[PDB]
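Engineer: Got a structure for you, questions after.
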Amino acid sequence: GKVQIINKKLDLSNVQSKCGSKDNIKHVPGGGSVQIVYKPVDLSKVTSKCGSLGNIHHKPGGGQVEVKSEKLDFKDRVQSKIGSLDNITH
Amino acid sequence: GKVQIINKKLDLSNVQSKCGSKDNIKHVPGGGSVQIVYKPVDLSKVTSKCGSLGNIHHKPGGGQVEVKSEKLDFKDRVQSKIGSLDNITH
Amino acid sequence: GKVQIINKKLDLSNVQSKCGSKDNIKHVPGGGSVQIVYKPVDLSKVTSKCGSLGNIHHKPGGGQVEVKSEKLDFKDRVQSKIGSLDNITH
Amino acid sequence: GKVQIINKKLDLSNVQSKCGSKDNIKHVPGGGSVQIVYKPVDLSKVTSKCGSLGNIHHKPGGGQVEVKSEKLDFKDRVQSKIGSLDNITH
Amino acid sequence: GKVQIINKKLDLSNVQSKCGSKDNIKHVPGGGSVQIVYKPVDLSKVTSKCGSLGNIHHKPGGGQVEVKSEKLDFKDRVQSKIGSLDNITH
Amino acid sequence: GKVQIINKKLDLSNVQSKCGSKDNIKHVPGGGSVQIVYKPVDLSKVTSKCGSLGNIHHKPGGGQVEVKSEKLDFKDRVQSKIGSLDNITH
Amino acid sequence: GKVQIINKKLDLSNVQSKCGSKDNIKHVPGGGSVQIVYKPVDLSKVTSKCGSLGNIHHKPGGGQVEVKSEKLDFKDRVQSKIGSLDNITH
Amino acid sequence: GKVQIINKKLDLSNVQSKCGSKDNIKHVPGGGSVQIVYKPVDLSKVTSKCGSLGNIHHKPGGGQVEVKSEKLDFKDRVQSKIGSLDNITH
Amino acid sequence: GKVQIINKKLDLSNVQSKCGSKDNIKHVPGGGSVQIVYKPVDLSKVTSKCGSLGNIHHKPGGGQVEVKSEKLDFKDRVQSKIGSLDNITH
Amino acid sequence: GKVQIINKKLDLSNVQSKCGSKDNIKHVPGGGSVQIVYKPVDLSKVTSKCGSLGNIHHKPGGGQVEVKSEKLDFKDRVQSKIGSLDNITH
Amino acid sequence: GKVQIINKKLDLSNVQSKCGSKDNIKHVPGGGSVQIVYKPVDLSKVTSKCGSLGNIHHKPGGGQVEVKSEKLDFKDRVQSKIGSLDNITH
């Protein structure tokens, strides 16, 4: 007589990335050959709640069989180069 | 006699990326050959709640069979270069 | 006698990307050969609630068979170059 | 005697991309050969609620068979170049 | 005796892209050969609620057979170049 | 005795793209050979509720057979170039 | 004894594209050979509720057979070039 | 004894494209050879509720057979060029 | 004993394209050889409720056979060029 | 007589990355050939709640069999180089 | 007679990375050939709540069998180089 199962959840989770920089360049009075190269590669990435979540099952009977499988797989790559930069004065 | 199963969820999750920069360049009084190259590659990416979620099943009987499979797979790549930059004064 | 299953969900999730920059260039009093190249590649991307979600099933009887399969797969790539930039004064 | 299954959902989710920039260029008093190249490639992309969602099934009887399959697949790419930019004064 | 299944949903989801820029160029007092190239490639794209959604089925009897299949597939690409830009003063 | 299935949905979803720019060019006091090239390629695209949605089926009897298939497929591409731009003063 | 199935839907969804720009060019006091090329390629595109929607079926009997198939497919492309632009003063 | 199926729908969906620009050119005090080329290619396109929608079927009997097929397919392309533009002063 | 099927729909959908521009050119005080080329290619296109919609069928008997097929297909293309534009002063 | 199982959870977890920098460059009075290369590669990445979560099962009967499997797998890599940078005075 | 099991959890955990730097470069009065290369590679990464969490099971009967397996696996790598940097005075 009787069976029971329950659940409850809450999230208020914060998952920011790179969300508040203040980059800037200023004030060059000059007289000679100034040069700048600034922050030449930048990235951000966020991933959440992937895969199998929240499912419910009900399967009565003594003779049965069951099989399952799962996978998750993530990859990234980056490359960069800077050249023959030149300046002279007089 | 009787069976029961329940669920509940809430989300208020925040998943920002690169959401608040303040990039700028200013004030060049000059007299000589200034040059700048600024932030030449930039990216952001967000992914959420992929895969299998929230499903419900009900399958009574003792003789049965069951089989399942799943996968998730994500990839990215980036490349960059900077050249023969030149300046002279006088 | 009796079976039951239930569900409930809520979302208020925020999933922004690159949503608030303030890029600018200003004030060049001059007299010599200034040059700038600004932020030459930029991207953002968001993906959400893909795959199988929210399905409901009901399949009574002891002799049955069942089989399932799933996949998700995402890819990206980027390339960039900067040239023979030149300036002189006098 | 009896079976039951239920559901409920809500969304108020926000999924912005690049939604609020303030790009600008200003104030060139001159006297020498200024040059600028600004933000030469830009993109944004959003995708949501793809695949199989919200379906309901009901299939009584002990002798049956069942088979299913699914896929999702997304790809992107980008390329860029900058040339023989030149300036002189006097 | 009896079977039941139910559903309910709501959406108020927001899915903007590039929706609020403020691009501008201003104020050139001159005297020498100014040049500008501005933001030369720009894109945005949004896709939503694709695939199979909201279907309902009812199929009683023990001897049956069933088979299904699905796919989704999205692709994009972009290219750009900038030339032999030149300016002189005096 | 008895079977039942139900449904309900609502949408108030917003799916804008590029909906609010403020592009402009101004104020050239002159005296030397100014030149501009502005935003030379621009696009936006939106797609929604494609595929199979909202269908209802009812098919009693134990001996039957069933088969289904589906696909979705989207593609885009873009190219651009800028030339031998030239200016002189005096 | 008895079967039932139901449905209901609502939409108030908004699917704008490029709907509110404010492009303009102004104020050239002159004295030297100004030139401009403005926004030379522009597009927007929207597609909605394509495919199979809202169908209803009823097919009793145990001996039957059924087969179905579906497809959706969308493509676009764009190209652009800018020439030997020239100006002189004095 | 008895069968039933129902439906209901509503739409108030908005599907605008390029619906509110404010393009203009102004104020040229002159004295030297000004030239402009403005927005030389522009397009917008909207498509909605294509394919198979709203059909109803009723086909009792155990011995039958059924077969169906569907397709949708959309394509576009664009090209543009700008010439040997020239101006002189004095 | 008994069968029933029902339907209902409403639309108030809005499907505008390019519906509200404000293009204009003004104010040329002159003294030197001004020239303009304005917006030289423009298009808009809308398509709606194509294909098969609203049909109703009723076909009792166990021995029958059925076959169907459908297609939709849309295409567009555009090309443009600008010439040897020239102006002189004095 | 009777069985019971329960659950409850809460999250208020914060998962930031690189969220608050203040990068800047300033004040160059000049007279000799200054040069800078700034922060040329930058990244951040966040991943959360992947795998199998929140599932519920109920499977009575003494004769049965069960099998399961799972995997998670994440990878990244980065490369960078800096060139023949040169400056002279007098 | 009777069985019971319970659970409860809370999190307020903070999992920041690199969240508050203040990088800057300043004040170069000059007269000789200054050069700088700043922070040329930077990264941060966070991962949380991966694997199997929160599941509930109920499986009565004396004759049964059970088997399970799990894995988690994470990898990263980085490389960098700096070149033939040169400066002279007089």
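Only the coordinates and a few stated rules stand behind these numbers; no lab work does. Every residue, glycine as well, gets a Cβ built from its backbone with ideal geometry; the counts of neighbours run over all protein chains shown.
Engineer: So J:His90 passes all but one of these: (1) at positive phi; (2) touching a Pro at 6+ places or on another chain (Cβ under 8 Å). Which condition number does it fail?
Structural biologist: (2)
Engineer: Residues of segment E:1-56 being part of a loop (DSSP other than H, G, I, E, B), basic (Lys, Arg) and buried (at least 24 other Cβ atoms within 10 Å of the Cβ), which ones? I'd like the intermediate steps shown before the answer.
Structural biologist: Taking segment E:1-56 first, the residues part of a loop (DSSP other than H, G, I, E, B) are E:1-13, E:15-24, E:26-34, E:39-40, E:43-44, E:49-51, E:54-55.
From the residues that got through so far, the ones that are basic (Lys, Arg) too are E:2, E:8-9, E:18, E:22, E:26, E:39, E:49.
Hits for segment E:1-56 are E:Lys18, E:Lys39, E:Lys49.
Engineer: Go through segment G:9-40 and count every residue that is of a type in the set (A, V, I, L, M) and closer than 30 Å to H:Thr89 by Cβ.
Structural biologist: In the first step, residues of segment G:9-40 are kept if they are of a type in the set (A, V, I, L, M); the result is G:10, G:12, G:15, G:25, G:28, G:34, G:36-37.
Those still in the list that are closer than 30 Å to H:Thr89 by Cβ too: G:25, G:28, G:34, G:36-37.
Number of matching residues: 5.
Engineer: Continuing with the same structure: Quick check on my filter: what residues within segment E:38-78 are over 30 Å from D:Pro40 (Cα atoms) and among the aliphatic types (A, V, I, L, M)?
Structural biologist: Once the filter is applied, which keeps residues that are over 30 Å from D:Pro40 (Cα atoms) and among the aliphatic types (A, V, I, L, M), segment E:38-78 yields E:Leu53, E:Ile56, E:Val65, E:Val67, E:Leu72.
Engineer: While we're looking at this one, here's another question. Inside segment K:35-80, can you point out the residues that are within 22 Å of J:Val15 (Cα to Cα), out of contact with any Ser or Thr (no Cβ under 6 Å at 6 or more places or on another chain) and among the hydrophobic types (A, V, I, L, M, F, W, C)?
Structural biologist: K:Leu43, K:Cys50, K:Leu53, K:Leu72, K:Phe74
Engineer: List, please: which pairs have Cβ atoms under 9 Å, are six or more places apart or on different chains, and start with a residue in segment I:44-59 that is within 7 Å of another protein chain (Cβ to nearest Cβ) and among the basic types (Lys, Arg) and end with one that is surrounded by 15 or more Cβ atoms within 10 Å (Cβ to Cβ) and outside any loop (DSSP other than H, G, I, E, B)?
Structural biologist: I:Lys45/H:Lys45; I:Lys45/H:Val46; I:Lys45/H:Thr47; I:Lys49/H:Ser48; I:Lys49/H:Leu53
Engineer: All but one of (1) in contact with a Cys (Cβ under 7 Å, 6 or more places away or on another chain); (2) touching a residue at least 40 places away in the same chain (Cβ under 8 Å) hold for C:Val37; state the number of the condition that does not hold.
Structural biologist: Single failed check for C:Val37: (1).
Listed here are the residues, each with its yes/no results for (1) out of contact with any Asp or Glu (no Cβ under 9 Å at 6 or more places or on another chain); (2) hydroxyl-bearing (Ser, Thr, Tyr); (3) within 21 Å of I:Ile56 (Cβ to Cβ); (4) touching a residue at least 12 places away in the same chain (Cβ under 8 Å).
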position: H:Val3; (1), (2), (3), (4): yes, no, yes, no
position: H:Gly30; (1), (2), (3), (4): yes, no, no, no
position: H:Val41; (1), (2), (3), (4): no, no, no, yes
position: H:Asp86; (1), (2), (3), (4): no, no, no, no
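Engineer: Residues in segment A:5-28 that are touching a strand residue (DSSP E or B) at 6+ places or on another chain (Cβ under 6 Å), more than 30 Å from J:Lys59 (Cα to Cα) and of a type in the set (A, V, I, L, M, F, W, C): how many?
Structural biologist: Total satisfying the criteria: 2.
Engineer: Next up: Being in a strand (DSSP E or B) and either touching a helix residue (DSSP H, G or I) at 6+ places or on another chain (Cβ under 6 Å) or not β-branched (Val, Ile, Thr) (or both): is that true of H:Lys75 here?
Structural biologist: yes
Engineer: Of all residues in segment A:5-26, how many are touching a residue at least 24 places away in the same chain (Cβ under 8 Å) and aliphatic (A, V, I, L, M)?
Structural biologist: Number of matching residues: 1.
Okay, residues lined up against (1) within 32 Å of the chain's Cα centre (by Cα); (2) closer than 26 Å to E:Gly20 by Cβ:
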{"site": "F:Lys2", "(1), (2)": "no, no"}
{"site": "F:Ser21", "(1), (2)": "yes, yes"}
{"site": "F:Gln35", "(1), (2)": "no, no"}
{"site": "F:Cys50", "(1), (2)": "yes, no"}
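Engineer: Hey, another quick one. When you look at D:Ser84, is it among the hydroxyl-bearing types (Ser, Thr, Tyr) and more than 30 Å from F:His90 (Cβ to Cβ), yes or no?
Structural biologist: Spelling it out, it is not the case that D:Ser84 is among the hydroxyl-bearing types (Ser, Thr, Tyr) and more than 30 Å from F:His90 (Cβ to Cβ).
Engineer: Let me ask another. Could you please give the count of residues in segment C:60-74 that are in contact (Cβ under 8 Å) with a residue 12 or more places away in the chain and among the aliphatic types (A, V, I, L, M)?
Structural biologist: The number of residues fulfilling the criteria is 1.
Engineer: Sticking with this structure for a sec: Considering segment J:64-90 alone, what residues qualify as being crowded, with 19+ Cβ neighbours inside 10 Å and under 30 Å from B:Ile82 (Cβ atoms)?
Structural biologist: Matches in segment J:64-90: J:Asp76, J:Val78, J:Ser80, J:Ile82, J:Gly83, J:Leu85, J:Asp86, J:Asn87, J:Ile88, J:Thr89.
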